[PDB]
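Peer 1: Take a look at the following structure, please.
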Amino acid sequence: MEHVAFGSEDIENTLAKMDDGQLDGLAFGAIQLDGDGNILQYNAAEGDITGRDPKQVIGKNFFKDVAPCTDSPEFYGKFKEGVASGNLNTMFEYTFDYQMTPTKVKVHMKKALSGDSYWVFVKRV
């Protein structure tokens with residue numbers, strides 16, 4: 001297991017070092033998005049929570065294609081304000097319910113140390 005706690009203040013520095021294999025060792029779901037919401041990385045723990053196959057959703061658009069339930073002011077709205085602003089750090093509870101058993105989660109979105117990319121971290125509550 002890769003040893004990083006959900007919600008850690010320096011999580012974006014820790015995860016900067018990790019390739020897709022290391023990301024699969026985390027204790028929580030992790031998705032890396034570009035500024036348009038396209039999926040760049042998607043780890044094994046996220047697939048365990050949601051049922052999606054990580055390999056298959058890379059390159060899809062999270063808001064339009066994969067996760068329409070997050071296309072709302074309460075999730076996508078927060079994301080797009082963060083991308084526009086160039087800063088994002090927000091944690092909230094949400095329910096994921098698209099083509100799956102409704103599953104309550106805690107979501108943390110944070111701008112990556114990269115460039116123009118953004119993390120979404122997910123764990124069960």
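Those letters in the sequence shown? Residues 1 to 125, per PDB author numbering, in order.
Every residue gets a Cβ at the ideal spot worked out from N, C-alpha and C, and that includes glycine.
(1) Does the beta-carbon distance from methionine 100 to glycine 7 come in below 8 Å?
(2) What are the start and end residues of the beta strand (DSSP E) that includes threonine 50?
(3) Mind pulling the alpha helix (DSSP H) runs of 4 or more residues that sit fully within the region 59-90?
(4) Per DSSP, what kind of secondary structure is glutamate 12 in: helix, strand or coil?
(5) Grab the span of the alpha helix (DSSP H) containing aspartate 36 for me, first residue to last.
(6) Tell me whether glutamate 46 is buried or exposed, calling it buried when 16 or more other Cβ atoms sit within 10 Å of its Cβ.
(7) Have a look at the DSSP bridge pairing and note the partners of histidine 3.
(8) Looking only at its chain, what residues have a beta carbon closer than 7 Å to the beta carbon of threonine 50, apart from the 5 residues adjacent to it on each side?
(9) Indicate the three-state DSSP secondary structure (helix, strand or coil) for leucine 113 in the structure shown.
(10) My output table needs one value for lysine 55: the three-state DSSP class, helix, strand or coil.
Peer 2: The answer reads as follows:
(1) no
(2) Per DSSP, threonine 50 belongs to no beta strand (DSSP E); it is in the alpha helix (DSSP H), 44-50.
(3) 76-85
(4) helix
(5) Neither: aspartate 36 is in no alpha helix (DSSP H) and is coded neither H nor E.
(6) buried
(7) In DSSP, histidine 3 forms no bridge with anything.
(8) Taken in chain order, the residues that qualify are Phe96, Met100.
(9) In the structure shown, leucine 113 sits in coil (DSSP, three-state: anything other than H, G, I, E or B).
(10) helix
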